[PDB]
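J.: I am sharing model_17.pdb, which consists of PDB, C-alpha atoms and all ligand atoms:
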ATOM      1  CA  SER K   1       0.000   0.000   0.000  1.00  0.00           C
ATOM      2  CA  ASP K   2       3.075   2.255  -0.020  1.00  0.00           C
ATOM      3  CA  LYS K   3       2.725   3.026  -3.739  1.00  0.00           C
ATOM      4  CA  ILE K   4      -1.042   3.150  -4.192  1.00  0.00           C
ATOM      5  CA  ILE K   5      -2.897   6.464  -4.220  1.00  0.00           C
ATOM      6  CA  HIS K   6      -6.281   6.368  -2.509  1.00  0.00           C
ATOM      7  CA  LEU K   7      -8.470   8.577  -4.710  1.00  0.00           C
ATOM      8  CA  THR K   8     -11.651  10.422  -3.811  1.00  0.00           C
ATOM      9  CA  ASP K   9     -14.314  12.469  -5.585  1.00  0.00           C
ATOM     10  CA  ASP K  10     -12.385  15.504  -4.410  1.00  0.00           C
ATOM     11  CA  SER K  11      -8.887  14.409  -5.392  1.00  0.00           C
ATOM     12  CA  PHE K  12      -9.662  12.696  -8.700  1.00  0.00           C
ATOM     13  CA  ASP K  13      -9.087  15.628 -11.013  1.00  0.00           C
ATOM     14  CA  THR K  14      -5.691  16.493  -9.535  1.00  0.00           C
ATOM     15  CA  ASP K  15      -4.521  12.926  -8.871  1.00  0.00           C
ATOM     16  CA  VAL K  16      -5.691  11.370 -12.127  1.00  0.00           C
ATOM     17  CA  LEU K  17      -6.877  13.833 -14.746  1.00  0.00           C
ATOM     18  CA  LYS K  18      -4.012  16.334 -14.379  1.00  0.00           C
ATOM     19  CA  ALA K  19      -1.363  13.717 -13.668  1.00  0.00           C
ATOM     20  CA  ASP K  20       1.664  13.020 -15.856  1.00  0.00           C
ATOM     21  CA  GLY K  21       2.129   9.576 -17.320  1.00  0.00           C
ATOM     22  CA  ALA K  22      -0.321   6.713 -17.312  1.00  0.00           C
ATOM     23  CA  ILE K  23      -2.461   6.126 -14.235  1.00  0.00           C
ATOM     24  CA  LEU K  24      -4.064   2.767 -13.503  1.00  0.00           C
ATOM     25  CA  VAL K  25      -7.198   3.161 -11.384  1.00  0.00           C
ATOM     26  CA  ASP K  26      -8.793   0.248  -9.533  1.00  0.00           C
ATOM     27  CA  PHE K  27     -12.512   0.856  -8.969  1.00  0.00           C
ATOM     28  CA  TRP K  28     -13.353  -1.424  -6.074  1.00  0.00           C
ATOM     29  CA  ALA K  29     -15.395  -1.846  -2.901  1.00  0.00           C
ATOM     30  CA  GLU K  30     -15.804  -4.113   0.103  1.00  0.00           C
ATOM     31  CA  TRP K  31     -17.823  -7.343  -0.132  1.00  0.00           C
ATOM     32  CA  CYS K  32     -16.060  -8.115  -3.393  1.00  0.00           C
ATOM     33  CA  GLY K  33     -13.799 -11.173  -3.492  1.00  0.00           C
ATOM     34  CA  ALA K  34     -12.499 -10.307  -6.943  1.00  0.00           C
ATOM     35  CA  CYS K  35     -11.522  -6.869  -5.628  1.00  0.00           C
ATOM     36  CA  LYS K  36      -9.531  -8.501  -2.859  1.00  0.00           C
ATOM     37  CA  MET K  37      -7.893 -10.838  -5.372  1.00  0.00           C
ATOM     38  CA  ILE K  38      -6.220  -8.058  -7.225  1.00  0.00           C
ATOM     39  CA  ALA K  39      -5.215  -6.008  -4.168  1.00  0.00           C
ATOM     40  CA  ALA K  40      -1.834  -7.755  -3.676  1.00  0.00           C
ATOM     41  CA  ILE K  41      -1.320  -7.899  -7.423  1.00  0.00           C
ATOM     42  CA  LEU K  42      -1.635  -4.124  -7.546  1.00  0.00           C
ATOM     43  CA  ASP K  43       1.161  -3.612  -4.991  1.00  0.00           C
ATOM     44  CA  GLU K  44       3.458  -5.736  -7.145  1.00  0.00           C
ATOM     45  CA  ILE K  45       2.541  -3.933 -10.368  1.00  0.00           C
ATOM     46  CA  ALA K  46       2.924  -0.519  -8.700  1.00  0.00           C
ATOM     47  CA  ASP K  47       6.470  -1.469  -7.772  1.00  0.00           C
ATOM     48  CA  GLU K  48       7.508  -3.105 -11.036  1.00  0.00           C
ATOM     49  CA  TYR K  49       6.019  -0.366 -13.194  1.00  0.00           C
ATOM     50  CA  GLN K  50       7.230   2.519 -11.010  1.00  0.00           C
ATOM     51  CA  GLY K  51       8.370   5.440 -13.133  1.00  0.00           C
ATOM     52  CA  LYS K  52       6.199   4.318 -16.053  1.00  0.00           C
ATOM     53  CA  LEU K  53       2.886   4.001 -14.223  1.00  0.00           C
ATOM     54  CA  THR K  54       1.058   5.335 -11.204  1.00  0.00           C
ATOM     55  CA  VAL K  55      -1.407   3.004  -9.493  1.00  0.00           C
ATOM     56  CA  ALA K  56      -4.475   4.259  -7.654  1.00  0.00           C
ATOM     57  CA  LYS K  57      -7.700   2.965  -6.080  1.00  0.00           C
ATOM     58  CA  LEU K  58     -11.175   4.460  -5.988  1.00  0.00           C
ATOM     59  CA  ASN K  59     -13.631   2.915  -3.557  1.00  0.00           C
ATOM     60  CA  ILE K  60     -16.998   3.159  -5.281  1.00  0.00           C
ATOM     61  CA  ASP K  61     -19.071   3.029  -2.096  1.00  0.00           C
ATOM     62  CA  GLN K  62     -17.134   5.960  -0.643  1.00  0.00           C
ATOM     63  CA  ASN K  63     -17.006   7.889  -3.933  1.00  0.00           C
ATOM     64  CA  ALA K  64     -20.223   7.066  -5.754  1.00  0.00           C
ATOM     65  CA  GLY K  65     -20.108  10.233  -7.839  1.00  0.00           C
ATOM     66  CA  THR K  66     -16.801   9.357  -9.483  1.00  0.00           C
ATOM     67  CA  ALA K  67     -17.902   5.764 -10.012  1.00  0.00           C
ATOM     68  CA  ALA K  68     -21.030   7.010 -11.781  1.00  0.00           C
ATOM     69  CA  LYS K  69     -19.041   9.512 -13.871  1.00  0.00           C
ATOM     70  CA  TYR K  70     -16.963   6.688 -15.328  1.00  0.00           C
ATOM     71  CA  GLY K  71     -19.917   4.348 -15.726  1.00  0.00           C
ATOM     72  CA  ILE K  72     -18.664   1.617 -13.401  1.00  0.00           C
ATOM     73  CA  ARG K  73     -21.004  -1.361 -13.916  1.00  0.00           C
ATOM     74  CA  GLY K  74     -19.078  -4.060 -12.102  1.00  0.00           C
ATOM     75  CA  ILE K  75     -16.202  -4.235  -9.668  1.00  0.00           C
ATOM     76  CA  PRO K  76     -13.349  -4.548  -9.853  1.00  0.00           C
ATOM     77  CA  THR K  77     -12.882  -2.455 -12.991  1.00  0.00           C
ATOM     78  CA  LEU K  78      -9.447  -1.132 -13.921  1.00  0.00           C
ATOM     79  CA  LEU K  79      -9.351   2.011 -15.992  1.00  0.00           C
ATOM     80  CA  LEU K  80      -6.064   3.111 -17.537  1.00  0.00           C
ATOM     81  CA  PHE K  81      -5.919   6.902 -17.855  1.00  0.00           C
ATOM     82  CA  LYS K  82      -3.620   8.922 -20.056  1.00  0.00           C
ATOM     83  CA  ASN K  83      -3.798  12.720 -20.141  1.00  0.00           C
ATOM     84  CA  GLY K  84      -7.137  12.734 -18.341  1.00  0.00           C
ATOM     85  CA  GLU K  85      -8.860  10.298 -20.661  1.00  0.00           C
ATOM     86  CA  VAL K  86      -9.755   6.609 -20.398  1.00  0.00           C
ATOM     87  CA  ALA K  87      -7.190   4.847 -22.575  1.00  0.00           C
ATOM     88  CA  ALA K  88      -8.303   1.294 -21.783  1.00  0.00           C
ATOM     89  CA  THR K  89     -10.613  -0.731 -19.539  1.00  0.00           C
ATOM     90  CA  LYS K  90     -10.101  -4.103 -17.881  1.00  0.00           C
ATOM     91  CA  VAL K  91     -13.093  -5.722 -16.192  1.00  0.00           C
ATOM     92  CA  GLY K  92     -12.790  -8.223 -13.344  1.00  0.00           C
ATOM     93  CA  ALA K  93     -10.087 -10.018 -11.436  1.00  0.00           C
ATOM     94  CA  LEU K  94      -7.057 -11.206 -13.341  1.00  0.00           C
ATOM     95  CA  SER K  95      -3.608 -12.489 -12.482  1.00  0.00           C
ATOM     96  CA  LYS K  96      -0.399 -10.474 -12.190  1.00  0.00           C
ATOM     97  CA  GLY K  97       0.727 -11.798 -15.582  1.00  0.00           C
ATOM     98  CA  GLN K  98      -2.604 -10.931 -17.191  1.00  0.00           C
ATOM     99  CA  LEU K  99      -2.449  -7.415 -15.760  1.00  0.00           C
ATOM    100  CA  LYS K 100       1.078  -7.006 -17.100  1.00  0.00           C
ATOM    101  CA  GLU K 101      -0.163  -8.128 -20.521  1.00  0.00           C
ATOM    102  CA  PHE K 102      -2.970  -5.536 -20.413  1.00  0.00           C
ATOM    103  CA  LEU K 103      -0.572  -2.788 -19.353  1.00  0.00           C
ATOM    104  CA  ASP K 104       2.151  -3.601 -21.844  1.00  0.00           C
ATOM    105  CA  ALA K 105      -0.397  -3.604 -24.691  1.00  0.00           C
ATOM    106  CA  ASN K 106      -1.659  -0.174 -23.705  1.00  0.00           C
ATOM    107  CA  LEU K 107       1.579   1.571 -22.703  1.00  0.00           C
TER     108      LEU K 107
HETATM  109 CU    CU S 201       2.672  -0.722  -0.490  1.00  0.00          CU
HETATM  110 NA    NA S 202     -12.641  -6.047 -20.290  1.00  0.00          NA
END
Any chance you could give the structure as structure tokens?

T.:
Amino acid sequence: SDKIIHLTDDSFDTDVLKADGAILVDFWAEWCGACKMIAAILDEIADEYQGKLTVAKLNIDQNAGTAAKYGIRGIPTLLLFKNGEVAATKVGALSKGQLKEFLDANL
């Protein structure tokens, strides 16, 4: 958790939309096994991709407005942002290797 930004409705524009470089945002909530599945995977990816990628989480129960703005329809959903825009979407739990494949394809 040392390299993961916790985003909110109030920080999203500064932390994500105005940020430099690609930002991977995990839309998640409690009572979601698949969300838990990717939590440790995200710490690993944040470390291995440091300097090329920023990793962040947005809890959709705590920040419903932002979840609605990006049309979250299931959790977890990973949105990859570049320059304030959604570059790519990955729905559901996946392995570390699968997440690396998604990132490498879109970076
Ligand atoms: Cu950490
Ligand atoms: Na998908």

J.: For residue 86 (chain K), which of K:16, K:45, K:34, K:52 is the closest residue, counting only C-alpha atoms?

T.: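 When distances to residue 86 (chain K) are compared using only C-alpha atoms, the smallest one comes from K:16.
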
J.: Starting from the displayed file, determine the output of the PyMOL selection byres (((not hetatm)) within 12 of (chain S and resi 201)) and express the residue list as a PyMOL selection string.

T.: chain K and resi 1-6+39-48+50+55-56

J.: Between CA of residue 37 (chain K) and CA of residue 61 (chain K), what is the distance in Å, rounded to a tenth?

T.: 18.1 Å

J.: For ligand NA 202 (chain S), return the neighbouring residues as a list in words (distance at most 9 Å; only C-alpha atoms and all ligand atoms).

T.: residues 77, 78, 88, 89, 90, 91 and 92 of chain K

J.: Would you kindly identify which residues have an atom no farther than 12 Å from (-17.8, 7.1, -19.3), using all atoms listed in the file and the file's own coordinates, and write them out as a list in words?

T.: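 All residues meeting the 12 Å criterion around (-17.8, 7.1, -19.3) are residues 66, 67, 68, 69, 70, 71, 72, 73, 79, 81, 85, 86, 87, 88 and 89 of chain K.
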
J.: Any chance you could export the current selection's C-alpha atoms as a PDB file, in the frame of the given file?

T.:
ATOM      1  CA  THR K  66     -16.801   9.357  -9.483  1.00  0.00           C
ATOM      2  CA  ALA K  67     -17.902   5.764 -10.012  1.00  0.00           C
ATOM      3  CA  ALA K  68     -21.030   7.010 -11.781  1.00  0.00           C
ATOM      4  CA  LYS K  69     -19.041   9.512 -13.871  1.00  0.00           C
ATOM      5  CA  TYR K  70     -16.963   6.688 -15.328  1.00  0.00           C
ATOM      6  CA  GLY K  71     -19.917   4.348 -15.726  1.00  0.00           C
ATOM      7  CA  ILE K  72     -18.664   1.617 -13.401  1.00  0.00           C
ATOM      8  CA  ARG K  73     -21.004  -1.361 -13.916  1.00  0.00           C
ATOM      9  CA  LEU K  79      -9.351   2.011 -15.992  1.00  0.00           C
ATOM     10  CA  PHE K  81      -5.919   6.902 -17.855  1.00  0.00           C
ATOM     11  CA  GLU K  85      -8.860  10.298 -20.661  1.00  0.00           C
ATOM     12  CA  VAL K  86      -9.755   6.609 -20.398  1.00  0.00           C
ATOM     13  CA  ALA K  87      -7.190   4.847 -22.575  1.00  0.00           C
ATOM     14  CA  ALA K  88      -8.303   1.294 -21.783  1.00  0.00           C
ATOM     15  CA  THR K  89     -10.613  -0.731 -19.539  1.00  0.00           C
TER      16      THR K  89
END

J.: Write out as AutoDock Vina command-line options an axis-aligned box for region 35-48 of chain K: all of its atoms listed in the file, 8 Å added on each side, centre and edge lengths in Å with one decimal.

T.:
--center_x -2.0 --center_y -5.7 --center_z -6.9 --size_x 35.0 --size_y 26.3 --size_z 24.2

J.: Can you tell me which residues surround residue 29 (chain K) at a distance of at most 12 Å, considering all atoms listed in the file, apart from same-chain residues fewer than 2 positions away, and format the answer as a list in words?

T.: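 My reading of the contact set: residues 26, 27, 31, 32, 33, 34, 35, 36, 37, 38, 39, 57, 58, 59, 60, 61, 62, 63, 64, 67, 72, 74, 75, 76 and 77 of chain K.
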
J.: Could you tell me which residues the PyMOL selection byres (((chain K and resi 104) around 12) and not hetatm) returns for this structure, as number ranges by chain?

T.: K: 22, 45, 49, 52-53, 80, 88, 97-103, 105-107

J.: Between CA of residue 95 (chain K) and CA of residue 54 (chain K), what is the distance in Å, rounded to a tenth?

T.: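 CA of residue 54 (chain K) lies at a distance of 18.5 Å from CA of residue 95 (chain K).
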
J.: Do you have the CA of residue 93 (chain K)-CA of residue 20 (chain K) distance handy?

T.: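 Distance reported for this atom pair: 26.2 Å.
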
J.: Could you rebuild region 35-57 of chain K with N, CA, C and O atoms and give it back as a tab-separated table (two decimals), in the frame of the given file?

T.:
chain	number	residue	atom	x	y	z
K	35	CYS	N	-12.25	-8.08	-6.00
K	35	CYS	CA	-11.52	-6.87	-5.63
K	35	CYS	C	-10.35	-7.21	-4.73
K	35	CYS	O	-9.25	-6.70	-4.90
K	36	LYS	N	-10.59	-8.08	-3.75
K	36	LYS	CA	-9.53	-8.50	-2.86
K	36	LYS	C	-8.44	-9.24	-3.63
K	36	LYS	O	-7.25	-9.05	-3.37
K	37	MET	N	-8.85	-10.04	-4.60
K	37	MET	CA	-7.89	-10.84	-5.37
K	37	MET	C	-6.81	-10.03	-6.03
K	37	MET	O	-5.65	-10.45	-6.09
K	38	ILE	N	-7.18	-8.87	-6.53
K	38	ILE	CA	-6.22	-8.06	-7.22
K	38	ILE	C	-5.51	-7.05	-6.33
K	38	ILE	O	-4.61	-6.40	-6.78
K	39	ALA	N	-5.87	-6.97	-5.05
K	39	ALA	CA	-5.22	-6.01	-4.17
K	39	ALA	C	-3.70	-6.25	-4.05
K	39	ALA	O	-2.91	-5.33	-4.21
K	40	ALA	N	-3.28	-7.50	-3.80
K	40	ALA	CA	-1.83	-7.76	-3.68
K	40	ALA	C	-1.13	-7.65	-5.03
K	40	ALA	O	0.06	-7.27	-5.11
K	41	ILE	N	-1.87	-7.99	-6.08
K	41	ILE	CA	-1.32	-7.90	-7.42
K	41	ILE	C	-1.01	-6.45	-7.74
K	41	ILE	O	0.00	-6.15	-8.37
K	42	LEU	N	-1.86	-5.54	-7.27
K	42	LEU	CA	-1.64	-4.12	-7.55
K	42	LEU	C	-0.37	-3.59	-6.87
K	42	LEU	O	0.34	-2.78	-7.45
K	43	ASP	N	-0.08	-4.04	-5.65
K	43	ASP	CA	1.16	-3.61	-4.99
K	43	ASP	C	2.39	-4.04	-5.79
K	43	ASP	O	3.35	-3.29	-5.93
K	44	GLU	N	2.34	-5.25	-6.35
K	44	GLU	CA	3.46	-5.74	-7.14
K	44	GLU	C	3.62	-4.94	-8.43
K	44	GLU	O	4.73	-4.55	-8.79
K	45	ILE	N	2.50	-4.68	-9.11
K	45	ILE	CA	2.54	-3.93	-10.37
K	45	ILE	C	2.98	-2.49	-10.11
K	45	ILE	O	3.75	-1.93	-10.90
K	46	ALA	N	2.52	-1.89	-9.01
K	46	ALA	CA	2.92	-0.52	-8.70
K	46	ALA	C	4.43	-0.42	-8.55
K	46	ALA	O	5.05	0.56	-8.97
K	47	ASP	N	5.03	-1.45	-7.96
K	47	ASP	CA	6.47	-1.47	-7.77
K	47	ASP	C	7.19	-1.72	-9.10
K	47	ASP	O	8.09	-0.98	-9.50
K	48	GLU	N	6.77	-2.75	-9.84
K	48	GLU	CA	7.51	-3.10	-11.04
K	48	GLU	C	7.37	-2.07	-12.14
K	48	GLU	O	8.28	-1.88	-12.93
K	49	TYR	N	6.24	-1.38	-12.17
K	49	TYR	CA	6.02	-0.37	-13.19
K	49	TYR	C	6.30	1.06	-12.72
K	49	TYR	O	5.96	2.01	-13.41
K	50	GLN	N	6.96	1.20	-11.57
K	50	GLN	CA	7.23	2.52	-11.01
K	50	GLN	C	8.06	3.34	-11.99
K	50	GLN	O	9.00	2.83	-12.62
K	51	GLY	N	7.69	4.60	-12.16
K	51	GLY	CA	8.37	5.44	-13.13
K	51	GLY	C	7.76	5.38	-14.53
K	51	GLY	O	8.03	6.25	-15.35
K	52	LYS	N	6.96	4.35	-14.80
K	52	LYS	CA	6.20	4.32	-16.05
K	52	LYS	C	4.69	4.37	-15.80
K	52	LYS	O	3.90	4.57	-16.72
K	53	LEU	N	4.29	4.17	-14.55
K	53	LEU	CA	2.89	4.00	-14.22
K	53	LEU	C	2.66	4.41	-12.79
K	53	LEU	O	3.50	4.15	-11.92
K	54	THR	N	1.54	5.08	-12.55
K	54	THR	CA	1.06	5.34	-11.20
K	54	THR	C	-0.17	4.48	-10.98
K	54	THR	O	-1.02	4.36	-11.87
K	55	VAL	N	-0.27	3.85	-9.81
K	55	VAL	CA	-1.41	3.00	-9.49
K	55	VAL	C	-2.23	3.64	-8.39
K	55	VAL	O	-1.69	4.19	-7.43
K	56	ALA	N	-3.55	3.57	-8.55
K	56	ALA	CA	-4.47	4.26	-7.65
K	56	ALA	C	-5.74	3.42	-7.46
K	56	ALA	O	-6.05	2.56	-8.28
K	57	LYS	N	-6.45	3.66	-6.36
K	57	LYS	CA	-7.70	2.96	-6.08
K	57	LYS	C	-8.80	3.97	-5.79
K	57	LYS	O	-8.58	4.98	-5.14
